[PDB]
$ cat work.pdb   # PDB, C-alpha atoms
ATOM      1  CA  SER A   6     116.241  94.323  98.727
ATOM      2  CA  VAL A   7     117.037  98.032  99.158
ATOM      3  CA  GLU A   8     118.850  99.545  96.125
ATOM      4  CA  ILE A   9     119.627 103.194  96.926
ATOM      5  CA  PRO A  10     121.143 104.598  93.667
ATOM      6  CA  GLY A  11     124.067 106.566  95.103
ATOM      7  CA  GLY A  12     124.181 105.142  98.624
ATOM      8  CA  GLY A  13     122.786 106.172 101.999
ATOM      9  CA  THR A  14     119.343 106.525 103.560
ATOM     10  CA  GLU A  15     118.999 110.291 103.605
ATOM     11  CA  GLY A  16     116.820 112.380 101.268
ATOM     12  CA  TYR A  17     114.090 115.012 101.086
ATOM     13  CA  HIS A  18     111.136 114.023 103.254
ATOM     14  CA  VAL A  19     107.954 115.375 101.643
ATOM     15  CA  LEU A  20     105.630 117.199 104.074
ATOM     16  CA  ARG A  21     103.114 119.011 101.886
ATOM     17  CA  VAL A  22     101.968 118.835  98.243
ATOM     18  CA  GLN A  23      99.866 121.769  96.948
ATOM     19  CA  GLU A  24      96.972 120.619  94.775
ATOM     20  CA  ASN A  25      97.676 121.190  91.050
ATOM     21  CA  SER A  26     101.356 121.769  91.785
ATOM     22  CA  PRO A  27     104.143 120.256  89.667
ATOM     23  CA  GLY A  28     105.027 118.126  92.691
ATOM     24  CA  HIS A  29     101.385 116.969  92.642
ATOM     25  CA  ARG A  30     101.183 116.167  88.937
ATOM     26  CA  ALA A  31     104.451 114.301  89.462
ATOM     27  CA  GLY A  32     102.657 111.955  91.871
ATOM     28  CA  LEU A  33     104.304 113.098  95.127
ATOM     29  CA  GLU A  34     102.361 112.653  98.366
ATOM     30  CA  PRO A  35     103.135 113.827 101.910
ATOM     31  CA  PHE A  36     104.889 111.766 104.619
ATOM     32  CA  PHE A  37     105.454 108.616 102.577
ATOM     33  CA  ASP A  38     107.691 110.231  99.968
ATOM     34  CA  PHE A  39     111.370 111.156 100.080
ATOM     35  CA  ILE A  40     112.926 112.814  97.017
ATOM     36  CA  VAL A  41     116.108 110.903  96.605
ATOM     37  CA  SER A  42     117.490 112.320  93.423
ATOM     38  CA  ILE A  43     116.391 114.725  90.765
ATOM     39  CA  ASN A  44     117.682 114.862  87.202
ATOM     40  CA  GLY A  45     120.535 112.419  87.793
ATOM     41  CA  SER A  46     121.600 114.389  90.859
ATOM     42  CA  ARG A  47     121.301 112.345  94.057
ATOM     43  CA  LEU A  48     120.050 114.446  96.978
ATOM     44  CA  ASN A  49     121.998 112.898  99.824
ATOM     45  CA  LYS A  50     123.331 116.097 101.397
ATOM     46  CA  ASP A  51     121.540 119.018 103.053
ATOM     47  CA  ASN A  52     122.222 121.917 100.668
ATOM     48  CA  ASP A  53     120.926 124.107  97.832
ATOM     49  CA  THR A  54     121.355 121.505  95.060
ATOM     50  CA  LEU A  55     117.616 120.842  94.876
ATOM     51  CA  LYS A  56     116.570 124.514  94.964
ATOM     52  CA  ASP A  57     119.233 125.335  92.424
ATOM     53  CA  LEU A  58     118.392 122.462  90.096
ATOM     54  CA  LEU A  59     114.702 123.267  90.271
ATOM     55  CA  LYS A  60     115.461 126.789  89.130
ATOM     56  CA  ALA A  61     117.848 125.852  86.295
ATOM     57  CA  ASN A  62     115.260 123.504  84.829
ATOM     58  CA  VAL A  63     112.249 125.878  85.052
ATOM     59  CA  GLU A  64     109.611 124.841  82.470
ATOM     60  CA  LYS A  65     111.755 121.823  81.573
ATOM     61  CA  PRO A  66     110.808 118.110  82.054
ATOM     62  CA  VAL A  67     113.039 116.407  84.576
ATOM     63  CA  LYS A  68     113.363 112.975  86.155
ATOM     64  CA  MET A  69     112.966 112.452  89.887
ATOM     65  CA  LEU A  70     113.797 109.555  92.168
ATOM     66  CA  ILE A  71     111.290 108.870  94.923
ATOM     67  CA  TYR A  72     111.546 106.375  97.731
ATOM     68  CA  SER A  73     108.218 105.525  99.463
ATOM     69  CA  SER A  74     107.962 104.304 103.065
ATOM     70  CA  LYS A  75     104.510 103.097 102.157
ATOM     71  CA  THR A  76     105.799 100.476  99.690
ATOM     72  CA  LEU A  77     109.571 100.455 100.241
ATOM     73  CA  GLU A  78     109.923 100.928  96.485
ATOM     74  CA  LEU A  79     111.973 103.366  94.481
ATOM     75  CA  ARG A  80     110.114 104.908  91.576
ATOM     76  CA  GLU A  81     110.967 107.306  88.796
ATOM     77  CA  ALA A  82     108.763 110.299  88.113
ATOM     78  CA  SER A  83     108.850 113.224  85.701
ATOM     79  CA  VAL A  84     108.348 116.780  86.891
ATOM     80  CA  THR A  85     108.412 120.171  85.224
ATOM     81  CA  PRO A  86     109.277 122.893  87.738
ATOM     82  CA  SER A  87     107.237 125.989  86.846
ATOM     83  CA  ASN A  88     106.113 129.563  87.574
ATOM     84  CA  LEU A  89     102.975 129.077  85.525
ATOM     85  CA  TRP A  90     100.774 127.038  87.796
ATOM     86  CA  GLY A  91      99.722 129.901  90.083
ATOM     87  CA  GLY A  92     101.102 128.763  93.425
ATOM     88  CA  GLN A  93     104.215 129.550  95.431
ATOM     89  CA  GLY A  94     107.229 127.354  94.587
ATOM     90  CA  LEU A  95     108.598 125.853  91.366
ATOM     91  CA  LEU A  96     107.632 122.486  92.886
ATOM     92  CA  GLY A  97     104.956 123.479  95.376
ATOM     93  CA  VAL A  98     106.067 121.411  98.329
ATOM     94  CA  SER A  99     107.258 121.679 101.898
ATOM     95  CA  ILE A 100     110.188 119.315 102.574
ATOM     96  CA  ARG A 101     112.960 118.393 104.998
ATOM     97  CA  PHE A 102     116.320 116.645 104.633
ATOM     98  CA  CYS A 103     116.561 113.497 106.779
ATOM     99  CA  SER A 104     116.742 109.673 106.915
ATOM    100  CA  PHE A 105     114.105 107.225 105.633
ATOM    101  CA  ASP A 106     115.781 104.284 107.347
ATOM    102  CA  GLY A 107     113.070 102.438 109.291
ATOM    103  CA  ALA A 108     110.403 105.070 108.608
ATOM    104  CA  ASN A 109     108.000 102.233 107.759
ATOM    105  CA  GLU A 110     108.419 100.921 111.278
ATOM    106  CA  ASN A 111     107.640 104.231 112.919
ATOM    107  CA  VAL A 112     103.870 103.706 112.675
ATOM    108  CA  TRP A 113     101.227 103.370 115.362
ATOM    109  CA  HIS A 114      97.949 101.651 114.708
ATOM    110  CA  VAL A 115      94.873 103.301 116.194
ATOM    111  CA  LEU A 116      92.687 100.647 117.724
ATOM    112  CA  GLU A 117      89.546 101.309 119.770
ATOM    113  CA  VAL A 118      88.761 104.876 120.801
ATOM    114  CA  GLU A 119      86.919 105.749 123.999
ATOM    115  CA  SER A 120      84.328 108.500 123.620
ATOM    116  CA  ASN A 121      85.270 111.972 124.960
ATOM    117  CA  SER A 122      88.896 110.835 124.873
ATOM    118  CA  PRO A 123      91.604 113.182 123.567
ATOM    119  CA  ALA A 124      91.879 110.701 120.700
ATOM    120  CA  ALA A 125      88.175 111.219 119.997
ATOM    121  CA  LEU A 126      88.425 114.998 120.215
ATOM    122  CA  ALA A 127      91.323 114.819 117.736
ATOM    123  CA  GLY A 128      89.303 112.837 115.198
ATOM    124  CA  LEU A 129      91.366 109.651 115.385
ATOM    125  CA  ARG A 130      89.471 106.863 113.603
ATOM    126  CA  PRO A 131      89.392 103.344 115.127
ATOM    127  CA  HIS A 132      91.300 100.708 113.123
ATOM    128  CA  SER A 133      91.612 102.673 109.881
ATOM    129  CA  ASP A 134      93.952 105.406 111.279
ATOM    130  CA  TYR A 135      97.724 104.931 111.398
ATOM    131  CA  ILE A 136      99.858 107.548 113.096
ATOM    132  CA  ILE A 137     102.851 107.580 110.764
ATOM    133  CA  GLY A 138     104.755 110.494 112.312
ATOM    134  CA  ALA A 139     104.649 113.892 114.060
ATOM    135  CA  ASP A 140     105.880 117.485 113.696
ATOM    136  CA  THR A 141     108.305 118.582 116.405
ATOM    137  CA  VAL A 142     109.908 121.993 116.781
ATOM    138  CA  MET A 143     113.518 120.937 116.059
ATOM    139  CA  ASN A 144     112.432 117.785 114.179
ATOM    140  CA  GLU A 145     113.835 115.926 117.173
ATOM    141  CA  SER A 146     113.449 112.924 119.527
ATOM    142  CA  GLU A 147     110.639 111.038 117.801
ATOM    143  CA  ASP A 148     108.666 107.978 119.007
ATOM    144  CA  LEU A 149     104.971 108.355 119.769
ATOM    145  CA  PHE A 150     104.952 107.431 123.458
ATOM    146  CA  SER A 151     107.944 109.669 124.218
ATOM    147  CA  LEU A 152     106.162 112.568 122.424
ATOM    148  CA  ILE A 153     102.892 111.889 124.215
ATOM    149  CA  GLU A 154     104.916 112.328 127.412
ATOM    150  CA  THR A 155     106.849 115.471 126.450
ATOM    151  CA  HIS A 156     103.508 116.872 125.212
ATOM    152  CA  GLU A 157     101.311 116.378 128.248
ATOM    153  CA  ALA A 158      98.593 119.033 128.137
ATOM    154  CA  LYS A 159     100.155 120.573 125.012
ATOM    155  CA  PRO A 160      98.928 120.611 121.373
ATOM    156  CA  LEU A 161     100.720 118.004 119.248
ATOM    157  CA  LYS A 162     100.502 117.715 115.437
ATOM    158  CA  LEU A 163     100.408 114.167 114.053
ATOM    159  CA  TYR A 164     100.620 112.732 110.573
ATOM    160  CA  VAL A 165      97.961 110.104 110.026
ATOM    161  CA  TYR A 166      97.341 107.626 107.216
ATOM    162  CA  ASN A 167      93.836 106.293 106.699
ATOM    163  CA  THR A 168      93.160 102.933 105.008
ATOM    164  CA  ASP A 169      89.630 103.866 103.864
ATOM    165  CA  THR A 170      90.620 107.019 102.013
ATOM    166  CA  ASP A 171      94.141 105.787 101.347
ATOM    167  CA  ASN A 172      95.074 109.393 102.212
ATOM    168  CA  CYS A 173      97.158 111.128 104.828
ATOM    169  CA  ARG A 174      96.277 114.212 106.830
ATOM    170  CA  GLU A 175      97.463 116.343 109.755
ATOM    171  CA  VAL A 176      95.782 115.860 113.126
ATOM    172  CA  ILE A 177      96.143 118.044 116.226
ATOM    173  CA  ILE A 178      95.848 116.131 119.468
ATOM    174  CA  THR A 179      96.311 117.216 123.066
ATOM    175  CA  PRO A 180      97.437 114.337 125.340
ATOM    176  CA  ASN A 181      95.697 114.887 128.647
ATOM    177  CA  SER A 182      96.006 112.365 131.469
ATOM    178  CA  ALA A 183      93.377 114.295 133.436
ATOM    179  CA  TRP A 184      90.712 113.507 130.849
ATOM    180  CA  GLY A 185      88.667 111.349 133.222
ATOM    181  CA  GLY A 186      89.823 107.935 132.027
ATOM    182  CA  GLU A 187      92.952 105.774 131.758
ATOM    183  CA  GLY A 188      96.037 106.952 129.866
ATOM    184  CA  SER A 189      96.698 110.221 128.022
ATOM    185  CA  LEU A 190      95.098 109.264 124.703
ATOM    186  CA  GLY A 191      91.913 107.407 125.558
ATOM    187  CA  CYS A 192      92.583 104.827 122.844
ATOM    188  CA  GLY A 193      94.276 101.536 122.072
ATOM    189  CA  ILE A 194      97.492 101.486 120.070
ATOM    190  CA  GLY A 195      98.935  98.500 118.239
ATOM    191  CA  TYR A 196     102.576  98.409 117.184
ATOM    192  CA  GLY A 197     104.574  95.847 115.236
ATOM    193  CA  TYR A 198     103.567  92.665 113.435
ATOM    194  CA  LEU A 199     100.171  93.201 111.716
ATOM    195  CA  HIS A 200     100.170  96.848 112.759
ATOM    196  CA  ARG A 201     102.175  98.401 109.996
ATOM    197  CA  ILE A 202     100.788 100.172 106.900
ATOM    198  CA  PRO A 203      98.587  97.579 105.095
ATOM    199  CA  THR A 204     100.067  96.403 101.779
ATOM    200  CA  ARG A 205      97.410  96.478  98.963
ATOM    201  CA  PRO A 206      96.092  93.836  97.918
ATOM    202  CA  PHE A 207      96.694  92.619  94.370
ATOM    203  CA  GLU A 208      93.673  90.576  93.235
ATOM    204  CA  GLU A 209      90.300  91.927  94.307
ATOM    205  CA  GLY A 210      87.657  89.391  95.234
ATOM    206  CA  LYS A 211      89.969  86.436  94.994
ATOM    207  CA  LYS A 212      88.730  83.300  96.724
ATOM    208  CA  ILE A 213      90.186  82.175 100.030
ATOM    209  CA  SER A 214      90.011  79.433 102.577
ATOM    210  CA  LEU A 215      89.836  80.275 106.293
TER     211      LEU A 215
END
$ encode --input "work.pdb" --output "structure tokens"
Amino acid sequence: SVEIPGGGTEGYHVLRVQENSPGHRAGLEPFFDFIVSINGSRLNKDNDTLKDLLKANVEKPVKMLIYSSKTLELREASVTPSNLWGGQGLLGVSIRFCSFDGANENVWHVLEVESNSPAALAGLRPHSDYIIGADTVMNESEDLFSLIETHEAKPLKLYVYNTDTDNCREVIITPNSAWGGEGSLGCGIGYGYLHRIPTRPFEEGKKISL
């Protein structure tokens, strides 16, 4: 169950969606979305195709193919690139060409947070926060614990999903092993089974047995 219309696992990883932007009214959201094709044109190579297509279809309805690492679904959207909405960009997004293979498995589940911890100072929320990624200069050697190491005592920008708001946000944290306590975060982290982005659920207030 994958279906990648055109082949491959590369695409445009969405990083920012300006409010009231065509990208926004199209239903794009940061970090979970990859633009995979636009107007029949599959974006599986790092070039100008997207820019160029955006500009040839200015003020004209177009179809877009979005993969989501939240749901693992493809979805079709319609977008009208524009100069009329007020903001910079015909789309109004920041993006980056890269792979979405296994992106749903690169998540870290924030558990308990010790007070005065670097996790606390960063605003990490116990249980409802999921670190789903990070911004590196050179978009390079990912993996949370590796980053936490290479960023000892340095400012580090994380992408976090929250279950309560169902929203993502950017969080600056400074891993600091000299914080008084154990570790460099001051918080528990769960990874793996039961610690991936929660699914839904369909049916609210259905009856269960436990």
$ closest_residue --input "work.pdb" --among "A:27, A:138, A:12, A:191" --to "residue 118 (chain A)" --atoms "all atoms listed in the file"
A:191
$ resolve_selection --input "work.pdb" --expression "the PyMOL selection byres ((chain A and resi 140) around 12)" --output "MDAnalysis selection string"
chainID A and resid 20 36 101 136:139 141:149 152 156 160:165 175:178
$ closest_residue --input "work.pdb" --among "A:185, A:206, A:92, A:193" --to "residue 114 (chain A)" --atoms "all atoms listed in the file"
A:193
$ atom_distance --input "work.pdb" --atom1 "CA of residue 119 (chain A)" --atom2 "CA of residue 192 (chain A)"
5.9 Å
$ residues_near_point --input "work.pdb" --point "(100.5, 127.7, 97.8)" --cutoff "10 Å" --atoms "all atoms listed in the file" --output "list in words"
residues 21, 22, 23, 24, 25, 26, 91, 92, 93, 94, 97, 98 and 99 of chain A
$ write_last_selection --input "work.pdb" --atoms "C-alpha atoms" --output "tab-separated table (two decimals), in the frame of the given file"
chain	number	residue	atom	x	y	z
A	21	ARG	CA	103.11	119.01	101.89
A	22	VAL	CA	101.97	118.84	98.24
A	23	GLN	CA	99.87	121.77	96.95
A	24	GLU	CA	96.97	120.62	94.78
A	25	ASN	CA	97.68	121.19	91.05
A	26	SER	CA	101.36	121.77	91.78
A	91	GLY	CA	99.72	129.90	90.08
A	92	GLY	CA	101.10	128.76	93.42
A	93	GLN	CA	104.22	129.55	95.43
A	94	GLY	CA	107.23	127.35	94.59
A	97	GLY	CA	104.96	123.48	95.38
A	98	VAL	CA	106.07	121.41	98.33
A	99	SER	CA	107.26	121.68	101.90
$ atom_distance --input "work.pdb" --atom1 "CA of residue 215 (chain A)" --atom2 "CA of residue 203 (chain A)"
19.4 Å
$ resolve_selection --input "work.pdb" --expression "the PyMOL selection byres ((chain A and resi 122) around 10)" --output "PyMOL selection string"
chain A and resi 118-121+123-129+179-182+184-192
$ residues_around --input "work.pdb" --residues "residue 51 (chain A)" --least-positions-apart "3" --cutoff "9 Å" --atoms "all atoms listed in the file" --output "list in words"
residues 16, 17, 48, 54, 101, 102 and 103 of chain A
$ atom_distance --input "work.pdb" --atom1 "CA of residue 108 (chain A)" --atom2 "CA of residue 40 (chain A)"
14.2 Å
$ residues_around --input "work.pdb" --residues "residue 170 (chain A)" --least-positions-apart "2" --cutoff "12 Å" --atoms "all atoms listed in the file" --output "ChimeraX atom specification"
/A:130,133-135,165-168,172-174
$ closest_residue --input "work.pdb" --among "A:197, A:66, A:86, A:45" --to "residue 112 (chain A)" --atoms "only C-alpha atoms"
A:197
$ closest_residue --input "work.pdb" --among "A:90, A:198, A:72, A:207" --to "residue 43 (chain A)" --atoms "all atoms listed in the file"
A:72
$ residues_around --input "work.pdb" --residues "residue 85 (chain A)" --least-positions-apart "4" --cutoff "9 Å" --atoms "all atoms listed in the file" --output "PyMOL selection string"
chain A and resi 27-28+31+59+62-68+95-96
$ closest_residue --input "work.pdb" --among "A:113, A:37, A:46, A:14" --to "residue 199 (chain A)" --atoms "all atoms listed in the file"
A:113
$ axis_aligned_box --input "work.pdb" --around "region 176-182 of chain A" --padding-each-side "8 Å" --output "lines of an AutoDock Vina configuration file"
center_x = 96.6
center_y = 115.2
center_z = 122.3
size_x = 17.7
size_y = 21.7
size_z = 34.3
$ closest_residue --input "work.pdb" --among "A:209, A:157, A:78, A:171" --to "residue 6 (chain A)" --atoms "all atoms listed in the file"
A:78
$ build_atoms --input "work.pdb" --residues "region 82-105 of chain A" --atoms "N, CA and C atoms" --output "PDB file, in the frame of the given file"
ATOM      1  N   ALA A  82     109.843 109.425  88.535  1.00  0.00           N
ATOM      2  CA  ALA A  82     108.763 110.299  88.113  1.00  0.00           C
ATOM      3  C   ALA A  82     109.322 111.386  87.206  1.00  0.00           C
ATOM      4  N   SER A  83     108.441 112.066  86.481  1.00  0.00           N
ATOM      5  CA  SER A  83     108.850 113.224  85.701  1.00  0.00           C
ATOM      6  C   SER A  83     108.159 114.472  86.249  1.00  0.00           C
ATOM      7  N   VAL A  84     108.908 115.555  86.355  1.00  0.00           N
ATOM      8  CA  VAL A  84     108.348 116.780  86.891  1.00  0.00           C
ATOM      9  C   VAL A  84     108.874 117.967  86.101  1.00  0.00           C
ATOM     10  N   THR A  85     108.020 118.961  85.918  1.00  0.00           N
ATOM     11  CA  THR A  85     108.412 120.171  85.224  1.00  0.00           C
ATOM     12  C   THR A  85     108.251 121.315  86.205  1.00  0.00           C
ATOM     13  N   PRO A  86     109.363 121.751  86.821  1.00  0.00           N
ATOM     14  CA  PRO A  86     109.277 122.893  87.738  1.00  0.00           C
ATOM     15  C   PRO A  86     108.726 124.080  86.956  1.00  0.00           C
ATOM     16  N   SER A  87     107.943 124.948  87.592  1.00  0.00           N
ATOM     17  CA  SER A  87     107.237 125.989  86.846  1.00  0.00           C
ATOM     18  C   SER A  87     106.900 127.239  87.663  1.00  0.00           C
ATOM     19  N   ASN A  88     106.692 128.359  86.971  1.00  0.00           N
ATOM     20  CA  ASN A  88     106.113 129.563  87.574  1.00  0.00           C
ATOM     21  C   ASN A  88     104.684 129.798  87.101  1.00  0.00           C
ATOM     22  N   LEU A  89     104.173 128.850  86.318  1.00  0.00           N
ATOM     23  CA  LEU A  89     102.975 129.077  85.525  1.00  0.00           C
ATOM     24  C   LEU A  89     101.721 128.516  86.165  1.00  0.00           C
ATOM     25  N   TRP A  90     101.899 127.766  87.240  1.00  0.00           N
ATOM     26  CA  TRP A  90     100.774 127.038  87.796  1.00  0.00           C
ATOM     27  C   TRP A  90      99.964 127.859  88.819  1.00  0.00           C
ATOM     28  N   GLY A  91     100.485 129.008  89.232  1.00  0.00           N
ATOM     29  CA  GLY A  91      99.722 129.901  90.083  1.00  0.00           C
ATOM     30  C   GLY A  91     100.180 129.963  91.532  1.00  0.00           C
ATOM     31  N   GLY A  92     100.687 128.841  92.040  1.00  0.00           N
ATOM     32  CA  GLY A  92     101.102 128.763  93.425  1.00  0.00           C
ATOM     33  C   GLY A  92     102.528 129.202  93.701  1.00  0.00           C
ATOM     34  N   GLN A  93     102.858 129.288  94.985  1.00  0.00           N
ATOM     35  CA  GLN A  93     104.215 129.550  95.431  1.00  0.00           C
ATOM     36  C   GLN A  93     105.072 128.289  95.290  1.00  0.00           C
ATOM     37  N   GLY A  94     106.293 128.456  94.774  1.00  0.00           N
ATOM     38  CA  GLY A  94     107.229 127.354  94.587  1.00  0.00           C
ATOM     39  C   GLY A  94     107.314 126.881  93.135  1.00  0.00           C
ATOM     40  N   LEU A  95     108.492 126.433  92.697  1.00  0.00           N
ATOM     41  CA  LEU A  95     108.598 125.853  91.366  1.00  0.00           C
ATOM     42  C   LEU A  95     108.064 124.421  91.411  1.00  0.00           C
ATOM     43  N   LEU A  96     108.170 123.817  92.598  1.00  0.00           N
ATOM     44  CA  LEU A  96     107.632 122.486  92.886  1.00  0.00           C
ATOM     45  C   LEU A  96     106.274 122.544  93.584  1.00  0.00           C
ATOM     46  N   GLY A  97     106.188 123.355  94.632  1.00  0.00           N
ATOM     47  CA  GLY A  97     104.956 123.479  95.376  1.00  0.00           C
ATOM     48  C   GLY A  97     104.905 122.458  96.491  1.00  0.00           C
ATOM     49  N   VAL A  98     106.019 122.310  97.198  1.00  0.00           N
ATOM     50  CA  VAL A  98     106.067 121.411  98.329  1.00  0.00           C
ATOM     51  C   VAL A  98     106.784 122.007  99.539  1.00  0.00           C
ATOM     52  N   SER A  99     106.432 121.499 100.714  1.00  0.00           N
ATOM     53  CA  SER A  99     107.258 121.679 101.898  1.00  0.00           C
ATOM     54  C   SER A  99     108.049 120.370 102.132  1.00  0.00           C
ATOM     55  N   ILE A 100     109.345 120.496 102.412  1.00  0.00           N
ATOM     56  CA  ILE A 100     110.188 119.315 102.574  1.00  0.00           C
ATOM     57  C   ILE A 100     111.207 119.469 103.693  1.00  0.00           C
ATOM     58  N   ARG A 101     111.923 118.386 103.974  1.00  0.00           N
ATOM     59  CA  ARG A 101     112.960 118.393 104.998  1.00  0.00           C
ATOM     60  C   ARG A 101     113.977 117.266 104.783  1.00  0.00           C
ATOM     61  N   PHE A 102     115.254 117.617 104.827  1.00  0.00           N
ATOM     62  CA  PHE A 102     116.320 116.645 104.633  1.00  0.00           C
ATOM     63  C   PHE A 102     116.529 115.754 105.863  1.00  0.00           C
ATOM     64  N   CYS A 103     116.511 114.440 105.657  1.00  0.00           N
ATOM     65  CA  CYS A 103     116.561 113.497 106.779  1.00  0.00           C
ATOM     66  C   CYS A 103     116.593 112.046 106.305  1.00  0.00           C
ATOM     67  N   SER A 104     116.593 111.099 107.239  1.00  0.00           N
ATOM     68  CA  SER A 104     116.742 109.673 106.915  1.00  0.00           C
ATOM     69  C   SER A 104     115.388 108.993 106.708  1.00  0.00           C
ATOM     70  N   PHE A 105     115.311 108.046 105.775  1.00  0.00           N
ATOM     71  CA  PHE A 105     114.105 107.225 105.633  1.00  0.00           C
ATOM     72  C   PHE A 105     114.326 105.801 106.130  1.00  0.00           C
TER      73      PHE A 105
END
